[PDB]
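Just follow the structure's listing: the first ligand is 1, and inside any ligand the first atom is 1. The figures here come from the full heavy-atom set of this structure, side chains too, leaving out hydrogens, waters and symmetry mates. For this chain, numbers begin at 1 and follow the sequence in order.
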Amino acid sequence: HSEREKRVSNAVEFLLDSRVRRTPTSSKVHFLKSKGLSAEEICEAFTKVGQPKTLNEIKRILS
Ligand SMILES: COc1ccc(CN2CCc3c(c(C(=O)NCc4cccc5ccccc45)nn3CCN)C2)c2ccccc12
Ligand SMILES: [Cl-]
């Protein structure tokens, strides 16, 4: 796996956690950026767990 794939895979496992699911999107997005994910990678992770967010929303949170 590439380092990008590891970042996204780790983000997926994070977002699936039951306590994490109850945490607001904003906090999760900030946390995922702090682990080195780009806005596009964050967006990909949310879509892969069936919790899709627009890239615009993710960028708004991080701006
Ligand atoms: C921002 O909110 C939270 C952050 C961390 C936690 C603590 N962990 C929850 C579960 C969890 C964490 C992590 C975690 O920190 N994984 C590492 C990780 C996660 C995401 C991206 C990563 C990118 C590169 C390297 C590691 C990365 N993974 N999982 C899923 C079970 N293993 C963090 C929170 C717990 C409950 C509610 C909110 C949490
Ligand atoms: Cl915030």
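Within ligand 1, counting atoms from 1 as listed, the ones closer than 4.0 Å to a heavy atom of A11 are 20 (C), 21 (C). The ligand atoms of ligand 1 that sit less than 4.0 angstrom from a heavy atom of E13 are 30 (C). If you number the atoms of ligand 1 from 1 as listed, the ones under 4.0 Å from a heavy atom of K35 come out as 18 (C), 21 (C), 22 (C), 23 (C), 24 (C), 26 (C), 27 (C). For ligand 1, the atoms sitting less than 4.0 Å from at least one non-hydrogen atom of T23 are 37 (C), 38 (C), numbered in the order shown with element in parentheses.
The backbone N or O of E5 sits less than 3.5 Å from a side-chain atom of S9, completing a donor-acceptor pair.
By the 4.0 Å N-to-carboxylate-O rule, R4 lies close enough to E44 to be salt-bridged with it.
Contacts of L16 with ligand 1, taken as heavy-atom pairs under 4.0 Å, are absent altogether.
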request  = Mind running side chain to side chain contact (heavy atoms under 4.5 Å, CB included) on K35 and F14 for me, showing each step along the way?
outcome  = CA-CA 11 Å; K35 308 303 281 185; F14 168 73; over 6 Å; no

| said: Does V20 form a side chain to side chain contact (heavy atoms under 4.5 Å, CB included) with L16? I'd like the steps, not just the answer. | reply: CA-CA 7 Å; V20 174; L16 289 167; over 6 Å; no

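The closest non-hydrogen atom to atom 22 (C) of ligand 1, taken over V8, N10, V12, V20, comes from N10.
Distance CD1/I42 to OG1/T47: 12.5 Å, rounded to 0.5 Å.
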